[PDB]
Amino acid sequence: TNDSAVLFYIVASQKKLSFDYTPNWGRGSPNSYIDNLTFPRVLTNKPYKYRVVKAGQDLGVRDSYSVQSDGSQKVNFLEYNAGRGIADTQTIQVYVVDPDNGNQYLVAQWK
């Protein structure tokens, strides 16, 4: 459970690097509804896309919003859930889809 060997592999591999995937869940007009997810600074080395899983159900992948001036990127669950937000009773999982190999890495989970 000490990954300093992994950390400095990245240090040696990419001399400068900075990211922040701390989840910011945006609520909706009835507050019991989660409408979106916001990352403060996303990785930009590749055009990543996002897949949303609502309570086990695959909502698919959709075109990504542009990374904004502060480095943030937003996932709008209304794009995935047919114009609706996801109830807070339900579990939400968000994966990044690597465009090069098609891999998927879990980057946010609710409940």
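Residue numbers run from 1 along the displayed sequence.
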Quiz item: When the C-alpha temperature factors are averaged for each of 92-100 and 21-29, which stretch ends up with the higher value in the entry?
Solution: 21-29
Quiz item: Mean C-alpha B-factor higher for 36-44, or for 80-88?
Solution: 80-88
Quiz prompt | B-factor third for the C-alpha atom of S69 within its chain | solution = highest
Quiz prompt | B-factor third for the C-alpha atom of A55 within its chain | solution = highest
